[PDB]
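Presented below is the structure to which this report refers.
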Amino acid sequence: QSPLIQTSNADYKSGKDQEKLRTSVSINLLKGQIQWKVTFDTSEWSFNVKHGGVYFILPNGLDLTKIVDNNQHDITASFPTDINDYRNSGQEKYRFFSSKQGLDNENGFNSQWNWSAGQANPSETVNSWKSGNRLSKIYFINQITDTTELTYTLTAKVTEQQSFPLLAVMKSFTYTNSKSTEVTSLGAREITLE
Ligand SMILES: OC[C@H]1O[C@H](O[C@@H]2[C@H](O)[C@@H](O)[C@H](O)O[C@@H]2CO)[C@H](O)[C@@H](O)[C@H]1O
């Protein structure tokens, strides 16, 4: 695995929180299968006042088989498999987005990229992945109200390949930076299969 990438659109408007905000997302490889754990330092995000949301972003060649939340609850079956299932509406807590199923409109893969990682001032590398069409699934959880470190654990089967980008994104649905965009942070790592 590569070294950790972290970016955010957090700017001067957030005082001595700007850098804690930038570094809140981290990803660590754990183990024909890939397993990794995502940690969100929600400390300075004020989620308990007005909630946030998180995003898990998966590449081509990986298929989520298991996802466990910070309460060690297996929430895999909570996510839609059809993006147009009525259980996938904007109100719902667990949402799923897929490039195969659509790119544009509110539940479209590109729209959700734009509203998640796109907003986290992604470096050139993260943008290569999106632009090089190397990513295909987004898993989303609304209503994050925690104020501590949340850890999720994800397992996925390698369906195809050597390069495996893993991304995660957290943001506020209310607090914005100085250009009026939701404060949004990202962490990513490249896993290479030798
Ligand atoms: O990304 C998950 C959310 O998608 C929709 O909101 C998006 C976007 O994230 C938000 O920042 C923007 O203000 O509006 C978009 C839709 O018009 C849902 O509204 C959210 O509840 C989440 O599902």
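Letters A, B, ... mark the chains of the structure tokens in the order given; residue numbers begin at 1 per chain; ligand numbers begin at 1, in order shown.
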
Name each residue within 8 Å of ligand 1, counting only C-alpha atoms and all ligand atoms, as a list in words.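 Sorted by chain and then by number, the residues are residues 53, 55, 89, 90, 91, 92, 93, 95, 106, 107, 112, 115, 116, 140, 141, 142, 173 and 182 of chain A.
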
Using N, CA, C and O atoms, can you export the residues from the last selection as an mmCIF file, in the first residue's frame?
data_model
loop_
_atom_site.group_PDB
_atom_site.id
_atom_site.type_symbol
_atom_site.label_atom_id
_atom_site.label_comp_id
_atom_site.auth_asym_id
_atom_site.auth_seq_id
_atom_site.Cartn_x
_atom_site.Cartn_y
_atom_site.Cartn_z
ATOM 1 N N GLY A 53 -22.351 13.322 6.799
ATOM 2 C CA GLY A 53 -22.450 12.096 6.039
ATOM 3 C C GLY A 53 -21.071 11.574 5.685
ATOM 4 O O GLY A 53 -20.095 12.336 5.633
ATOM 5 N N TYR A 55 -18.824 8.679 2.933
ATOM 6 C CA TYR A 55 -18.785 8.022 1.621
ATOM 7 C C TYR A 55 -17.664 7.007 1.556
ATOM 8 O O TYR A 55 -16.542 7.301 1.953
ATOM 9 N N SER A 89 -33.846 6.759 -2.016
ATOM 10 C CA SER A 89 -34.163 8.174 -2.140
ATOM 11 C C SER A 89 -33.246 9.050 -1.275
ATOM 12 O O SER A 89 -32.561 8.549 -0.374
ATOM 13 N N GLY A 90 -33.237 10.349 -1.571
ATOM 14 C CA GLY A 90 -32.436 11.333 -0.862
ATOM 15 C C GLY A 90 -32.589 11.318 0.644
ATOM 16 O O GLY A 90 -31.601 11.555 1.363
ATOM 17 N N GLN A 91 -33.800 11.025 1.131
ATOM 18 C CA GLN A 91 -34.053 10.921 2.579
ATOM 19 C C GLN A 91 -33.336 9.761 3.280
ATOM 20 O O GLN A 91 -32.952 9.882 4.436
ATOM 21 N N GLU A 92 -33.176 8.632 2.597
ATOM 22 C CA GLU A 92 -32.706 7.412 3.258
ATOM 23 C C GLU A 92 -31.284 7.527 3.779
ATOM 24 O O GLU A 92 -30.486 8.313 3.276
ATOM 25 N N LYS A 93 -30.983 6.718 4.786
ATOM 26 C CA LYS A 93 -29.694 6.753 5.472
ATOM 27 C C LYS A 93 -28.602 6.044 4.672
ATOM 28 O O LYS A 93 -27.493 6.540 4.548
ATOM 29 N N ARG A 95 -27.345 4.835 1.168
ATOM 30 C CA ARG A 95 -27.559 4.979 -0.251
ATOM 31 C C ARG A 95 -26.426 4.354 -1.050
ATOM 32 O O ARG A 95 -25.286 4.254 -0.593
ATOM 33 N N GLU A 106 -29.410 13.144 -9.651
ATOM 34 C CA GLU A 106 -29.115 13.139 -8.229
ATOM 35 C C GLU A 106 -28.538 11.812 -7.741
ATOM 36 O O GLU A 106 -27.622 11.799 -6.920
ATOM 37 N N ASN A 107 -29.046 10.694 -8.238
ATOM 38 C CA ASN A 107 -28.477 9.413 -7.816
ATOM 39 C C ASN A 107 -27.451 8.871 -8.820
ATOM 40 O O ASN A 107 -27.094 7.696 -8.771
ATOM 41 N N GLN A 112 -22.769 12.195 -7.573
ATOM 42 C CA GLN A 112 -22.368 11.856 -6.219
ATOM 43 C C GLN A 112 -20.871 11.964 -6.038
ATOM 44 O O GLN A 112 -20.427 12.317 -4.948
ATOM 45 N N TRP A 115 -20.377 15.751 -5.498
ATOM 46 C CA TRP A 115 -20.827 16.159 -4.176
ATOM 47 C C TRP A 115 -20.006 15.537 -3.034
ATOM 48 O O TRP A 115 -20.049 16.032 -1.914
ATOM 49 N N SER A 116 -19.257 14.468 -3.303
ATOM 50 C CA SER A 116 -18.405 13.885 -2.262
ATOM 51 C C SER A 116 -16.918 14.204 -2.482
ATOM 52 O O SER A 116 -16.433 15.238 -2.034
ATOM 53 N N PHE A 140 -22.947 5.300 0.695
ATOM 54 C CA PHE A 140 -23.158 6.535 1.439
ATOM 55 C C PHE A 140 -23.988 6.348 2.690
ATOM 56 O O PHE A 140 -25.028 5.685 2.663
ATOM 57 N N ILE A 141 -23.549 6.964 3.779
ATOM 58 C CA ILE A 141 -24.334 6.968 5.000
ATOM 59 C C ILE A 141 -24.662 8.395 5.467
ATOM 60 O O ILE A 141 -23.766 9.199 5.731
ATOM 61 N N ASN A 142 -25.956 8.701 5.559
ATOM 62 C CA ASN A 142 -26.425 9.982 6.089
ATOM 63 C C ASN A 142 -26.546 9.938 7.617
ATOM 64 O O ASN A 142 -26.391 8.881 8.234
ATOM 65 N N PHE A 173 -23.318 18.641 6.137
ATOM 66 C CA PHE A 173 -24.407 19.054 5.250
ATOM 67 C C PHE A 173 -24.824 20.500 5.541
ATOM 68 O O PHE A 173 -25.747 21.031 4.910
ATOM 69 N N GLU A 182 -19.989 22.937 1.184
ATOM 70 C CA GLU A 182 -19.961 22.081 2.369
ATOM 71 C C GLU A 182 -18.543 21.708 2.703
ATOM 72 O O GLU A 182 -17.802 21.312 1.816
#

Per DSSP on the backbone, filter range 22-166 of chain A down to the residues in alpha helix (DSSP H) and report them as an MDAnalysis selection string. chainID A and resid 22 109:115 124:131

Go through A:14, A:153, A:147, A:99 one by one, measure the shortest atom-to-atom distance of each to residue 35 in chain A using only C-alpha atoms, and give the residue with the smallest value.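 Going through A:14, A:153, A:147, A:99 one by one, the smallest distance to residue 35 in chain A is for A:153.
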
From a backbone DSSP assignment, name each residue in chain A labelled strand (DSSP E), as an MDAnalysis selection string. chainID A and resid 5:8 25:29 33:41 52:59 62:68 94:98 135:144 149:158 163:176 182:192

Need the shell around residue 145 in chain A: protein/DNA/RNA residues with any atom at most 6 Å away, counting only C-alpha atoms. Skip same-chain ones fewer than 5 positions apart. Format as a ChimeraX atom specification? /A:47-48,51

What's around residue 136 in chain A at 7 Å? Count only C-alpha atoms, leave out sequence neighbours fewer than 4 positions away in its own chain, and write the answer as a VMD selection string. chain A and resid 58 to 60 98 to 99

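The shortest atom-to-atom distance to residue 3 in chain A, with only C-alpha atoms taken into account, belongs to A:28 out of A:164, A:28, A:169, A:184.
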
What is the distance, in Å and to one decimal place, between CA of residue 155 in chain A and CA of residue 167 in chain A? 13.6 Å

Do a neighbour search on residue 162 in chain A at 7 Å with only C-alpha atoms, toss out local chain neighbours closer than 4 positions, and write the hits as a PDB file with N, CA, C and O atoms, in the first residue's frame.
ATOM      1  N   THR A 192      -1.563  -1.933  -4.092  1.00  0.00           N
ATOM      2  CA  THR A 192      -1.025  -2.645  -5.239  1.00  0.00           C
ATOM      3  C   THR A 192      -1.014  -4.120  -4.928  1.00  0.00           C
ATOM      4  O   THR A 192      -0.590  -4.520  -3.842  1.00  0.00           O
ATOM      5  N   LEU A 193      -1.495  -4.925  -5.870  1.00  0.00           N
ATOM      6  CA  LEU A 193      -1.399  -6.372  -5.743  1.00  0.00           C
ATOM      7  C   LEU A 193      -0.185  -6.851  -6.525  1.00  0.00           C
ATOM      8  O   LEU A 193      -0.140  -6.746  -7.749  1.00  0.00           O
ATOM      9  N   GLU A 194       0.797  -7.364  -5.785  1.00  0.00           N
ATOM     10  CA  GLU A 194       2.158  -7.585  -6.271  1.00  0.00           C
ATOM     11  C   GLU A 194       2.234  -8.564  -7.436  1.00  0.00           C
ATOM     12  O   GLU A 194       1.471  -9.521  -7.504  1.00  0.00           O
TER      13      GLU A 194
END

Just give me the gap between CA of residue 94 in chain A and CA of residue 188 in chain A in Å, one decimal is fine.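 Interatomic distance here is 21.3 Å.
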
Write out as a PyMOL selection string the residues lying within 9 Å of residue 25 in chain A, counting only C-alpha atoms and excluding same-chain residues fewer than 6 positions away. chain A and resi 6-7+38-41+168-170+185-188

Using only C-alpha atoms, pick whichever of A:88, A:10, A:70, A:50 has the shortest atom-to-atom distance to residue 148 in chain A.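 Nearest candidate to residue 148 in chain A out of A:88, A:10, A:70, A:50: A:70.
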
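The space separating CA of residue 118 in chain A from CA of residue 49 in chain A comes to 24.8 Å.
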
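The nearest approach to residue 37 in chain A among the residues A:131, A:111, A:161, A:72, with only C-alpha atoms taken into account, belongs to A:72.
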
Quick one: everything within 8 Å of residue 178 in chain A, counting only C-alpha atoms, minus sequence neighbours fewer than 4 positions away in the same chain. Send it as a list in words.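 Residues meeting the cut-off are residues 11, 12 and 13 of chain A.
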
Of the residues A:30, A:166, A:150, A:191, which is the one nearest to residue 43 in chain A, using only C-alpha atoms?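 Closest to residue 43 in chain A of all the choices is A:150.
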